[PDB]
Amino acid sequence: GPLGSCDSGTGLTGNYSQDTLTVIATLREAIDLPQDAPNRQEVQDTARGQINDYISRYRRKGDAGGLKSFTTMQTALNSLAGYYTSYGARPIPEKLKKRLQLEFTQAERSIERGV
C-alpha cells in the first residue's frame, strides 16, 4: 500500500446532504474542463476519489431503492467512473457529458427535498 497522499478526505464531510453536492460540484467542473487540459489525468483521479468515497461511505446507507439521489448517483457515478478506466485518460464524449449534467441535476434536486 505505497499509495497515500499527505492530504486526507477527497472533500466529503460524511453528511449525505452536502456530500452529494460536493461530488456533483467536482464532477460537473471535472467534465467541463477542456479535453486539452493537462490535468486530465489528475482531475480524473480526484473525481474518482469522490465517486468511490461517496458510495463507499454511503454503501450501507440504503443500498439504493429508497433514495432517488443515492440510487441515481450510484449508477451515474459508476457509469462515468467506468469511462475513465474504460478508455483511460481519454475525454468523456460530449453526448455523455450532456446526459451526465442532467443526472447530477436530479441528484442535487433530490437533496433539497431530502428523499
One residue is enough: does the stretch 67-89 have a residue meeting the conditions over 16 Å from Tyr16 (Cβ atoms), in contact with a helix residue (DSSP H, G or I) (Cβ under 7 Å, 6 or more places away or on another chain) and among the small types (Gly, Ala, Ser)? yes
Could you grab me the full set of residues in the stretch 2-32 that are at negative phi, in a loop (DSSP other than H, G, I, E, B) and not aliphatic (A, V, I, L, M)? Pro2, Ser5, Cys6, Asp7, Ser8, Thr10, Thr13, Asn15
Scanning the stretch 26-43 residue by residue, those within 15 Å of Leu80 (Cβ to Cβ) and in contact with a helix residue (DSSP H, G or I) (Cβ under 9 Å, 6 or more places away or on another chain) turn out to be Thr26, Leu27, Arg28, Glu29, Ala30, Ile31, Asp32, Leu33, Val43
Filter result (surrounded by fewer than 15 Cβ atoms within 10 Å (Cβ to Cβ), out of contact with any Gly (no Cβ under 7 Å at 6 or more places or on another chain) and assigned to a helix (DSSP H, G or I)) within the stretch 53-67: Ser56, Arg59, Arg60, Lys61, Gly62
Name every residue in the stretch 86-115 that is under 26 Å from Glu42 (Cβ atoms), β-branched (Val, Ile, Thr) and in a helix (DSSP H, G or I), in order of residue number. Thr105
Mind checking which pairs have a first residue in the stretch 59-76 that is closer than 14 Å to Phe104 by Cβ and touching a residue at least 12 places away in the same chain (Cβ under 8 Å) and a second that is part of a helix (DSSP H, G or I) and among the β-branched types (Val, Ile, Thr), Cβ under 7 Å, 6 or more apart or different chains? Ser69/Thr20; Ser69/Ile111; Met73/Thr20; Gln74/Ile55
Quick one: is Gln35 assigned to a helix (DSSP H, G or I), free of Cβ contacts under 8 Å to residues at least 60 places away in the same chain, more than 11 Å from the chain's Cα centre (by Cα) and surrounded by fewer than 17 Cβ atoms within 10 Å (Cβ to Cβ)? no
First in the stretch 91-115 and free of Cβ contacts under 8 Å to residues at least 40 places away in the same chain and surrounded by 15 or more Cβ atoms within 10 Å (Cβ to Cβ), second anywhere and part of a helix (DSSP H, G or I) and of a type in the set (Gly, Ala, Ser), Cβ under 7 Å, 6 or more apart: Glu103/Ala76
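Laboratory data are not the source of any read-out in this text; all were calculated from the coordinates shown. A quick note on method: Cβ atoms are made from the backbone with ideal geometry, for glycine too, and the neighbour counts reach across all protein chains shown.
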